[PDB]
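In: Here's a sequence, model it:
(chains A and B, ligands or ions: 6)
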2 protein chains.
Amino acid sequence: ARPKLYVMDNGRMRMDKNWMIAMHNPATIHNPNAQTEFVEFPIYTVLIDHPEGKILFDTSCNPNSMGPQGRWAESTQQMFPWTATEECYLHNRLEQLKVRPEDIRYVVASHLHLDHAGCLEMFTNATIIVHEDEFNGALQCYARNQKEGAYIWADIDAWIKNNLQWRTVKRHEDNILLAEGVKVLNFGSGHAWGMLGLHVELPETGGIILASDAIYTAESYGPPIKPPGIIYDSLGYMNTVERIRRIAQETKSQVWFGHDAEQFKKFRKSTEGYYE
Amino acid sequence: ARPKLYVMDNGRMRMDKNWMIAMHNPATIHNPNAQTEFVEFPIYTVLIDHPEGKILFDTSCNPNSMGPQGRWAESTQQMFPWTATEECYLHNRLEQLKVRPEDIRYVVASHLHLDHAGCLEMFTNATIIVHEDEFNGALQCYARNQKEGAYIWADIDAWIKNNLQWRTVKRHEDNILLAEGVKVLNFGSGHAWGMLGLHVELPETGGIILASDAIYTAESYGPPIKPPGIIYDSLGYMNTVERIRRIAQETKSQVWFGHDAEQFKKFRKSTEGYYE
Ligand SMILES: CCCCCCCC(=O)N[C@@H](CCO)C(=O)O
Ligand SMILES: CCCCCCCC(=O)N[C@@H](CCO)C(=O)O
Ligand SMILES: [Co+2]
Ligand SMILES: [Co+2]
Ligand SMILES: [Fe+3]
Ligand SMILES: [Fe+3]
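Out: Residues are numbered from 1 along each chain as shown, chains lettered A, B, ... in the order given. Ligands and ions are numbered 1, 2, ... in the order given. Next comes the structure:
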């Protein structure tokens, strides 16, 4: 198999750096009212154009997220603002590659946060691969009518109305061979209820791990590890980063972080080419 | 048994409120450089004068913690400054009750942080009850020569030189009857590697849960729960708070928080009296 892997730029988000790096600048007797900063980072998605069928990793934010008529609650829009030109929307990035939503055989949802699961509703011809614990947690947010936080009610509403086809990865489930040189990694609980990664083996480029929010940035990754400011499972988070470090060492793979502005700058994006 | 329980005031600490309440005031598009606060809170200890023998819960900070010749690293003194008059030192609070260090039969160390294990070295005639996972973690900090952070090298150094007598609570160990109406609760990992609480049943006052840093304040406790800015085991922390809530409900017990300024103000301290 001679796949082509594309990095698609789906715009920029800002938030409190304390979300990204917990207690990054603690108050002191000399700086008792210490200030945070509002840091900018990329949202992106990965397309694997594979002869056995097209695989998409993450789906970015819904085009209807922001604004007075937006799906995102006003508090969410103010703490986690997303900025994107029309060329950044996932449907346009895919159209520029001559890829219609119906051509996607698999969507791997790293997790179901607003900045990863925003366009799942497009992929009505795919199998949506998601962690069972992540799916359960998001569906409880929906059933409880939660309007704030990182699980977007109107996104989930659209997944159910559009009759998406789900394959849940079970809590103790091995790492799933999707296609030649493409493996779903079950990271389990950490950043969210259930995290999935991807291990891709390309003939030219060699190994790539897509970590998504298992590892926000190179600063998260250290060593030593700098965890995020809120976390579902701190122990699982720390175990997941060290497991990724060991897999990268043993397989000589690059690690692609979820939201690293400096790493993302260096990628070849879908407007310039691809990785074989 | 007709015990007397004393609350001893061991002075005041300040730190970034984000340590106390994770992401208490997140940056927004309108407040992108949001300021934290440097909040003040009590350090205290509990003496149970029991006919079966005196039980101490926690030991506050070492009198030699602060200052240019202090045991605390300079970064620790600046992020977690302790202020205490000599009357606040545990040795003096106990002397004012005519209690010598040698009169303590049991010391329950909730955990081994700087603000709880600072005077263990005084209690050479006691059995020191500690969670096995907390002891292991602190002893690794000692062995790796760590000088910064919440585990004070020079305090651990004095515990070993003074030949303290340890009883470790094992990870799966039940809740230990120390004396009539005094039970050690094994909370397990959460805030730190291994947390112990106390459930005291007094004839007049009824039930008291000493939670220590399993629950910092009433704001932590909610509901809903507001976790602290850094945590060893987030899942264990959240389970521990709900377990304490259920025990309080099923036994009609008061919950005494680790560091709640408003609750502490309402306690009768060792200069005014005691609880029977
Ligand atoms: C009201 C509290 C909001 C919930 C905090 C978690 C939201 C979050 O972490 N959102 C994004 C930030 C970008 O990574 C994510 O983690 O994927
Ligand atoms: C160098 C970073 C310090 C480690 C952060 C945890 C220290 C901590 O939480 N210390 C005290 C704060 C007062 O409760 C404690 O939890 O007992
Ligand atoms: Co996320
Ligand atoms: Co503590
Ligand atoms: Fe994210
Ligand atoms: Fe404390």
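In: Indicate the residue of the stretch 51-200 of chain A located nearest to ligand 5.
Out: residue A:115 (4.3 Å; CB to the ion). Where C-beta positions appear, they are placed from N, C-alpha and C, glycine not excepted.
In: who's in contact with that residue?
Out: Residues near residue A:115 by CB atoms under 8 Å, 6 or more residues apart in numbering or on different chains: A:13, A:43, A:60-61, A:80, A:82.
In: That one and residue A:193, how far apart?
Out: To residue A:193, residue A:115 is 16 Å away according to CB to CB, to the nearest Å.
In: Residue A:263 too?
Out: 26 Å.
In: hang on, residue A:187 packs against residue A:197?
Out: Yes - between residue A:187 and residue A:197 a contact is recorded at 5.5 Å, counting by CB atoms under 8 Å.
In: Of these two, which one has the most company?
Out: The neighbour count for residue A:187 versus residue A:197, taken as other CB atoms under 10 Å in any protein chain shown, is higher for residue A:187 (29 against 25).
In: next helix or strand past the helix or strand harbouring the more buried one?
Out: Following DSSP states H and E, one finds residue A:187 within strand A:182-188. Where DSSP H and E defines the elements, the next helix or strand beyond strand A:182-188 is strand A:195-202.
In: State the next helix or strand along the chain beyond that next one.
Out: Next helix or strand after strand A:195-202 toward the C-terminus (DSSP H and E): strand A:206-212.
In: follow-up on the earlier one: filter the contacts of residue A:115 by proximity to ligand 1?
Out: Among the contacts of residue A:115, proximity to ligand 1 is found for residue A:80 (CB under 6 Å from any ligand atom).
In: can you name the two of the contacts of residue A:115 that are farthest apart?
Out: Taking CB to CB, the two most distant members of the contacts of residue A:115 are A:60 and A:80; they sit 13.1 Å apart.
In: Surely residue A:154 and residue A:71 touch.
Out: Yes - counting by CB under 8 Å, residue A:154 touches residue A:71, with 3.8 Å between them.
In: all strands in the stretch 151-276 of chain A, in order from the N-terminus.
Out: A:165-169, A:176-179, A:182-188, A:195-202, A:206-212, A:253-257 (DSSP state E, counting those that start in this stretch).
In: Give the other helices and strands that the third one contacts.
Out: Looking back up the chat, that one is strand A:182-188. Applying 3 or more CB pairs under 8 Å, 6 or more residues apart in numbering or on different chains; DSSP states H and E, we find strand A:182-188 packed against strand A:127-131, strand A:176-179, strand A:195-202, helix A:234-251.
In: in the longest one, what's buried?
Out: The neighbour-count criterion (16 or more other CB atoms under 10 Å in any protein chain shown) identifies A:234-237, A:240-241, A:243-245, A:247-248 as the buried residues of helix A:234-251.
In: near chain B too, which of the residues you listed?
Out: A:234-235 (CB under 8 Å from any CB of the partner chain).
In: Dump the buried residues of helix A:234-251 into TSV; add distance to ligand 4 as well.
Out: Below are the buried residues of helix A:234-251 laid out as TSV (distance: CB to the ion, whole Å):
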residue	distance to ligand 4
A:234	15
A:235	17
A:236	22
A:237	20
A:240	25
A:241	24
A:243	28
A:244	30
A:245	29
A:247	34
A:248	34
